[PDB]
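What follows is a single structure, written as structure tokens, with notes after it.
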Amino acid sequence: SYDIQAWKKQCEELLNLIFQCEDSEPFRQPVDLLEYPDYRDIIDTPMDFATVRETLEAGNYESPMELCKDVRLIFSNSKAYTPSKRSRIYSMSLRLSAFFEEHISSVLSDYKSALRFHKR
Ligand SMILES: C[C@@H]1CN(C(=O)c2ccco2)CCN1C(=O)NCC(F)(F)F
């Protein structure tokens, strides 16, 4: 399965599944500082799923590794901000992360295999 471009539609589909998850609600838009006025004190690089989707559709990811780095930043920012490991939003981030990692594994493997086949 050596299609070097297949990752992009696979990532669009996975983002659609993440938008249908109730666990994505808090991560679907850039954090509102009005509600969280200290957020940029703690979080140097905000990230959210709408920004990831727009960056993909603009053609501003070269590889699924770059998309994966931005999605992992959504989850690390939620760990950096949580006052507790028990909190609602942090618990939603951990379930959504497990879902994402389960689904991105094959996208990354197929892409890297396709690249190796191209360079053979
Ligand atoms: C505060 C929330 C959740 N959150 C956290 O990581 C977190 C962990 C513990 C407390 O907050 C950051 C993202 N947040 C937003 O408002 N984002 C805008 C939205 F929701 F419209 F997409």
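In the structure tokens, each chain is lettered A, B, ... as it comes, each chain's residues begin at 1, and ligands are numbered from 1 in order of appearance.
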* Around ligand 1, at most 9 Å away and counting only C-alpha atoms and all ligand atoms, which residues are there? Put them as an NGL selection string, please. => :A and (24-33 or 35-36 or 39 or 46-50 or 74-85 or 87-93)
* Residue neighbourhood residue 11 of chain A, 9 Å, only C-alpha atoms, exclusion window fewer than 2 positions, as a ChimeraX atom specification -> /A:6-9,13-16,53,56,64,67,104,107
* Any idea what the distance is between atom CA of residue 61 of chain A and atom CA of residue 5 of chain A? -> 11.5 Å
* Asked: Which parts of segment 7-97 of chain A does DSSP call alpha helix (DSSP H) when run on the backbone here, written out as a ChimeraX atom specification?
  -> /A:7-20,39-42,49-57,64-81,88-97
* **Neighbour list for residue 3 of chain A as a PyMOL selection string, cut-off 10 Å, only C-alpha atoms, skip fewer than 2 positions in-chain** => chain A and resi 1+5-7+110-111+113-115+117-118
For the residues in that selection, give me N, CA, C and O atoms as a compact mmCIF listing (two decimals), in the first residue's frame.
# COMPACT_ATOMS: atom_id res chain seq x y z
N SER A 1 0.87 -1.22 0.00
CA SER A 1 0.00 0.00 0.00
C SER A 1 0.89 1.25 0.00
O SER A 1 1.09 1.82 1.09
N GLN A 5 0.44 9.91 -0.70
CA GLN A 5 -0.55 10.99 -0.40
C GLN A 5 -1.72 10.51 0.45
O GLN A 5 -2.53 11.36 0.87
N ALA A 6 -1.88 9.19 0.69
CA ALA A 6 -3.12 8.64 1.29
C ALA A 6 -3.36 9.18 2.72
O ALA A 6 -4.52 9.24 3.13
N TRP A 7 -2.30 9.56 3.43
CA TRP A 7 -2.44 10.03 4.82
C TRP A 7 -3.41 11.20 4.94
O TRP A 7 -4.06 11.34 5.98
N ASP A 110 1.83 3.43 7.51
CA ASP A 110 1.63 3.34 6.04
C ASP A 110 2.42 4.43 5.33
O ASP A 110 3.04 4.21 4.28
N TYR A 111 2.39 5.66 5.86
CA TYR A 111 3.10 6.77 5.22
C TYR A 111 4.59 6.46 5.20
O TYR A 111 5.28 6.65 4.18
N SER A 113 6.21 3.67 5.44
CA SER A 113 6.44 2.53 4.50
C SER A 113 6.44 3.01 3.04
O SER A 113 7.34 2.66 2.25
N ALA A 114 5.45 3.85 2.69
CA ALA A 114 5.33 4.39 1.31
C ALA A 114 6.56 5.20 0.97
O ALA A 114 7.11 5.12 -0.17
N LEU A 115 7.03 6.00 1.91
CA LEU A 115 8.23 6.83 1.69
C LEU A 115 9.41 5.90 1.44
O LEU A 115 10.10 6.11 0.45
N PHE A 117 9.45 2.86 0.33
CA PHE A 117 9.29 2.22 -0.98
C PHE A 117 9.72 3.18 -2.10
O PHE A 117 10.44 2.82 -3.03
N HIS A 118 9.35 4.45 -1.95
CA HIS A 118 9.68 5.47 -2.99
C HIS A 118 11.20 5.60 -3.15
O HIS A 118 11.70 5.82 -4.29
* Selected residue of minimal separation from residue 23 of chain A among A:120, A:95, A:40, A:112, counting only C-alpha atoms ->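 Looking only at the distances to residue 23 of chain A, the closest residue turns out to be A:95.
Among the candidates A:2, A:22, A:68, A:41, the one nearest to residue 103 of chain A when counting only C-alpha atoms is A:68.
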* Atom pair atom CA of residue 108 of chain A / atom CA of residue 94 of chain A: separation (Å) ->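 We find that atom CA of residue 108 of chain A and atom CA of residue 94 of chain A lie 20.5 Å from each other.
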